[PDB]
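Protein chains in written order, with the entry's author numbering: chain CL, 541 to 576; chain UL, 5 to 27, 37 to 161, 187 to 248, 260 to 308, 352 to 402, 413 to 537, 556 to 724, 777 to 947, 953 to 962; chain UM, 822 to 894. Think of the CB as a built atom: it goes at the ideal place given N, C-alpha and C, for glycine as much as any other residue. Just below is one structure, and these are the notes that go with it.
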RNA sequence: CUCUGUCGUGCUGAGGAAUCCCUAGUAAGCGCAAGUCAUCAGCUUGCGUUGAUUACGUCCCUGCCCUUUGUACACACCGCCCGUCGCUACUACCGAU
RNA sequence: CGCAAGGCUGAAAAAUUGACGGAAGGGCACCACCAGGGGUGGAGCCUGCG
């Protein structure tokens, strides 16, 4: 188990769910809402 | 588990580092020790050698008004002060980051300026032992220093900088060479002139004379050019007569005389030397009518030349206590009393017990040396292909044999019985010489780099250029086995006293241990940071340690290994160059190690914060007003004697100090701190707000904390009495400051309106036609929802 | 640095007349650094600073109110 | 649990240093029931009943996380955080081949 | 069925983006402070863990 943890950490692949943007549908480019 | 220690070190006169000094003694720099010779008799007087330091020494300076104290500058950035009476270091100075390169002393000798390669020049006091200050100019390294007080320096960014010392900032700069580098500095002893030697062989000449206006001190009075176009190492002036010596790192030293600048300076003489001179130095002997120019070469020698002032003669020389170029091989006697060292150009054999040379021969190049048993004769295999034979007791050359044609004898090994020698060369063959008569040859695939026998004369082992080792039988030359697995060609090998182990040193930065029955690698052990030159076993197992071996490499290290437990038992430092050869004793009690160093060696709270700052400023105000009353009474000497925190922060006003301590805090913390401030601390704050509004600075901050003070204490102010006086003062001052600032900004905005309307009137239109459609900023302003 | 810029701008306007600063013609006047946009930027930031100092004066009459109360007592 | 009577401290003794946990139907007392493919009768899990003291502030101690890059624009405020090295580009130096 | 399935061999880097910190300022925590409460630890029984 310890060697499995060390292999994942070194060649780092983690199975955590990642924080996605809440407006990925309507704003897919992710533009910034200020001066353009 | 007995370790090794440095006990002896010799074979060296002046290194390739700079700065020779004369005192009739010559004080020069060996690697880490500064050693002083007599020039008349070749016996050295003394050596200055410190156990705490290992780094090499590279700058020497004699103190004026007191010889027998000297300043040496090392490679790690330290300075030591030695005495010539007693060989100790009285004071040590660890100020710089790297590589002290130019020293200088005051005229009175109480002050010492040291300029480094890390470009700092630091001046040092010699009665308080404190780093005085740190002068900071100079894009890159400082190559010249002098004390004119005043300082005159020059750097590798081709700038002469004239520094002050009473106010530690530069007064003048000038640029000596336009697109080159100023490399050397020479000052006249009466401070009338300075000549700076640059990269092209051009010598620029400057005249010196002895703040709000245009200060002009250094004047480029003209340029000179010497004969050789090399980077000039030094310019040394005569302390008494009218001469100087200019030299680069070459075989010529050009002595010019002082009578356009080309008319003022003419070359008196050009002195040729036998080797490249690193540092020239001047010497005046009592009772002679001459110029004793003392050159110290890169090729390991001192020469004292006599120059007649109104030709050169090689008057004195020191060459006997050192090899002159570079030791390539060592071989020490069977009686272990004397050793031989074989260098390019020479053979010099030495005594161990006295560390003084006994015999000297001349050979062309010297790859490999080994003496024959009885230690009467020595064998040298050279680069030109030949094998020379010399003898010690009559000190002569017996025989010479063209072993290979033009192919360097890379390996020589004497038979353990002592009747034959084997020379393996840069040709494919390896030849056997019986005594000498050629007995048998061995043709093999590539060039033989190194071969060694067995201590019981049973098997031979050659080591090729094909990154492989061939172990043969000694009687008939049949291939017993071959060892592989080296990525780069084998440089050396040594096999054990009972022939059960081989160590094999390669250029791929590791050594291998083979078992020599079946030739299995015991353990490949990566142990050096560079290509390991040589290896050697200790031959006697009388002391119980015969499976230990030394390995010397290009990373300036020897390593003591154990092959039985496969472990490094010691790391031997102490060499400052790529160690070319080493040998162990037949008793094994000491070993010699010969380097590129040319030195062969022998080894045996926010509110409380602003409140206390308010109190500091209040005491400062009381002291300043008392000093005002005193200086109004009389102009007598009256010191204000304010706080050491103020005279360390730089004699700032108390207003500036309390303004900075009010400015440092973030605005929410400012609100909380002024809330936490008590009413005993309020009146001091009100006086300082009066001071801010009087000498207007941060008027919004002043008004902000003032209105906070009044609003959080409104009843207490209108009940107290002295707040009437100080609040009337702050009202008058703040109203004047606000009205002044407001009227200035109103004049500005009115003028900008006027000039904008006039610019519109200029801009409007020239033509008139039917289309007035020719006659605005726009911003983008994205928004997501 | 707004006070030091306003003070040396005041010295600049009091030294030179308006016709010179309007007919100012310099070869580096192209795009965002031309004279119109430069004087517009200076004017609008000076408007902001002047609004700040006007609010400060109007709030600064509190000290005269407090001195009037202490004069009453 | 509430109320009313009969007798009166009688081997008939509420846990040290430490260490841990706990802020409202929470701590604590009390019984009744069930026994659910793992665990649990030397107990487990539900369910009702009675129901407080003291904090509910502060980063001072012990820590943990994060700012000093970004992610929006008006008012308003701030105003170039600091060190030891690496890597890259160029410049010249040192000395063997 | 064919390939995989022939031993210079003998166990224990990337980087103009990187490595490590410090000072200041915030936020949070019955693994923190503060105020209290309650266990365990004393005697006996016993599941379990070593």
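Grab me the residues of residue 401 (chain UL)'s own chain with a C-beta within less than 6 Å of its C-beta, minus the 5 sequence neighbours each way, in chain order.
383
Complete alpha helix (DSSP H) runs within the segment 827-867 of chain UM (minimum length 4 residues, chain order)
839-843
Between the CA atoms of residue 426 (chain UL) and residue 502 (chain UL) - distance to the nearest angstrom
23 Å
So residue 854 (chain UL) is in the beta strand (DSSP E); what residue range does that whole segment cover?
Counting along the chain, residue 854 (chain UL) falls outside any beta strand (DSSP E), though it belongs to the alpha helix (DSSP H) covering 854-866.
My output table needs one value for residue 779 (chain UL): the three-state DSSP class, helix, strand or coil.
helix
Residue from UL:681, UL:203, UL:718 and UL:924 whose Cα sits closest to the Cα of residue 694 (chain UL):
UL:718
Can the beta-carbon of residue 297 (chain UL) be found closer than 8 Å to that of residue 282 (chain UL)?
yes
Could you tell me whether any Cβ in chain UL is nearer than 8 Å to the Cβ of residue 853 (chain UM)?
no
Terminal residues of the alpha helix (DSSP H) in which residue 826 (chain UL) lies
826-835
Cutoff 8 Å; reference residue 300 (chain UL); Cβ partners in own chain excluding five residues on either side
364, 365, 366, 367, 368 and 369
To which residues of the same chain is residue 52 (chain UL) closer than 8 Å at the C-beta, ignoring the five residues directly before and after it?
37, 38, 39, 386, 394, 396, 418 and 420
Nearest neighbour of residue 150 (chain UL), chosen from UL:141, UL:187, UL:196 and UL:657 [CA to CA]:
UL:196
Using only alpha-carbon positions, find the residue among UL:646, UL:637, UL:618 and UL:622 that is nearest to residue 630 (chain UL).
UL:646
Does the count of Cβ pairs from the segment 873-885 of chain UL and the segment 807-819 of chain UL closer than 8 Å reach three?
no
Measuring only the C-alpha atoms, how far is residue 661 (chain UL) from residue 668 (chain UL)?
10 Å
Cβ closer than 8 Å: which chain UL residues qualify as neighbours of residue 867 (chain UM)?
917, 920, 921 and 924
Pick from UL:141, UL:682, UL:139 and UL:71 that is closest to residue 128 (chain UL), judged by C-alpha positions
UL:71
Would you call residue 492 (chain UL) buried or exposed, if buried means 16 or more other Cβ atoms sit within 10 Å of its Cβ?
buried
Can you pull the chain UL neighbours of residue 850 (chain UM), defined as C-beta to C-beta under 7 Å?
Near residue 850 (chain UM) there are no residues of chain UL at all, since even the closest Cβ is about 11 Å away, more than 7 Å.
Mark residue 654 (chain UL) as exposed unless 16 or more other C-beta atoms lie within 10 angstroms of its C-beta, in which case mark it buried.
buried
So, using beta-carbon positions, are residue 608 (chain UL) and residue 628 (chain UL) closer together than 8 Å?
yes
Check whether the Cβ atoms of residue 873 (chain UM) and residue 872 (chain UL) lie closer than 8 Å to each other.
yes
Given a threshold of 16 other Cβ atoms within 10 Å of its Cβ, counted over all protein chains shown, does residue 561 (chain UL) qualify as buried or as exposed?
exposed
Taking the beta strand (DSSP E) that residue 199 (chain UL) falls in, what are its first and last residues?
197-202
What is the rounded straight-line gap between the Cα of residue 207 (chain UL) and the Cα of residue 118 (chain UL)?
19 Å
Could you check if residue 101 (chain UL) is buried or exposed, using at least 16 other CB atoms within 10 Å of its CB as the buried criterion?
exposed
Answer yes or no: do residue 79 (chain UL) and residue 109 (chain UL) have a C-beta to C-beta separation smaller than 8 Å?
no
Taking 8 Å as the threshold (beta carbon to beta carbon), is residue 552 (chain CL) in contact with chain UL?
no
Could you tell me which chain UL residues have their CB closer than 9 Å to the CB of residue 573 (chain CL), listed as they occur along the chain?
958, 959, 960, 961 and 962
Cα separation between residue 484 (chain UL) and residue 606 (chain UL)?
27 Å
Going along the segment 883-899 of chain UL in order, which residues come within less than 9 Å of chain UM, judged by CB to CB distance?
883, 886, 889, 890, 891, 892, 893, 895, 896 and 899
Could you please give me the residues that DSSP links to residue 212 (chain UL) through a beta bridge?
UL:198
Would you tell me roughly how many angstroms separate the C-alpha atoms of residue 866 (chain UL) and residue 854 (chain UM), rounded to the nearest one?
38 Å
For residue 103 (chain UL), which residues of its own chain have a beta-carbon under 7 Å away from its beta-carbon, when the five flanking residues on both sides are left out?
94 and 96
Straight-line Cα distance separating residue 279 (chain UL) from residue 359 (chain UL)
17 Å
Of the choices UL:578, UL:286, UL:126 and UL:121, whose alpha-carbon is the least far from that of residue 84 (chain UL)?
UL:126
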